[PDB]
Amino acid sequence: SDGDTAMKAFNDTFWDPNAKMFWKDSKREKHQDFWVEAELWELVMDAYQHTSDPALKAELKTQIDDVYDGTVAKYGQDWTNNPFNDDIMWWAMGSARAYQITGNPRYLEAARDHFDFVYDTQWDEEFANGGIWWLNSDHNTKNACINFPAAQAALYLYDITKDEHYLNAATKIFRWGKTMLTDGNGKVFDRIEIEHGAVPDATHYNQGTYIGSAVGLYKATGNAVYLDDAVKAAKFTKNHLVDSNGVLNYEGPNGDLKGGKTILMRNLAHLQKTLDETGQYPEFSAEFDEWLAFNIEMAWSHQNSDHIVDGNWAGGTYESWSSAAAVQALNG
């Protein structure tokens, strides 16, 4: 019941049933940022897929539709007016998953149309020899936070439609990103800036979408190198994006990064499942599972009286993005 309890508490604290959006924090003065709301959307989907309580499962299934409706009410159905390609892609990926769960074709259309806008018009072969631009306004940087999510979205679209166009896209985007946005040993770089070069700053959410795309490509292609890529980036996370006791870092003060453990945990769950299914990397798998279980217990040892867990897992206004990671962790 821990995943159920966590999700119910998160909803009670942060869901606004009127606006059909999550509040940014418990002061209930402002709703969550657009791109972060796609990640909270996916959290609802993950709880839906995790729960064995059929009553809660039905409520969460309805909430999947409600989140979309609330966002569309405030932001439109056509997100291509947003200058951030990442914002667009986070919602395209979410929409693909919503289609898988609900079978409502509005979600497939949303996913496909927005994926196609970004991939078809924002890929460039010249600067850095490939990659998708961060923005559709100015073209100055190519970033992990658009490129790996784009590969993931393409993989969901391939799973749904089997259009070889999408498998080819995932393969090409990931190949470029491994080459230009990693060190080849699992450290994922933030971005590559024109007139400067790479910015080798690593964070949980970019480790996470690299790992998820790698695991997806391993499954789609049967090429073990992709699983090796995922394992290296999981090892880098476990050893180098943790505190002196092995607890995943708190990545404040940047608001976007504070909740990044949410996206990391989502994708580490995919790696765990693949390792469990295949029996590959058994020694790593054992250490990895113990370290995850440790992190989750530490997080939840710090829940407050309302069963809300602040994003400082190692340690009075609770924020929905920072608090989501602990919920995600119990809904893998």
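Residues carry their position along the shown sequence, with the first being 1.
- Coordinates are absent for 4 to 9 residues of the deposited sequence placed between residue 315 and residue 316.
- When 69-77 is weighed against 232-240, 69-77 comes out higher, by mean CA B-factor as recorded in the entry.
- The question of which stretch, 189-197 or 164-172, has the higher mean Cα B factor is settled in favour of 189-197.
- When the modelled residues of the chain are ordered by C-alpha B-factor, residue 177 sits in the lowest third.
- For residue 266, the recorded CA B-factor ranks within the lowest third of the chain. Only modelled residues enter the ranking.
- Sort the chain's modelled residues by C-alpha temperature factor and residue 48 lands in the highest third, per the entry.
- In this PDB entry, residue 40 carries a Cα temperature factor that places it within the middle third of its chain's modelled residues.
- Per-chain ranking of the deposited C-alpha B factor places residue 137 in the highest third.
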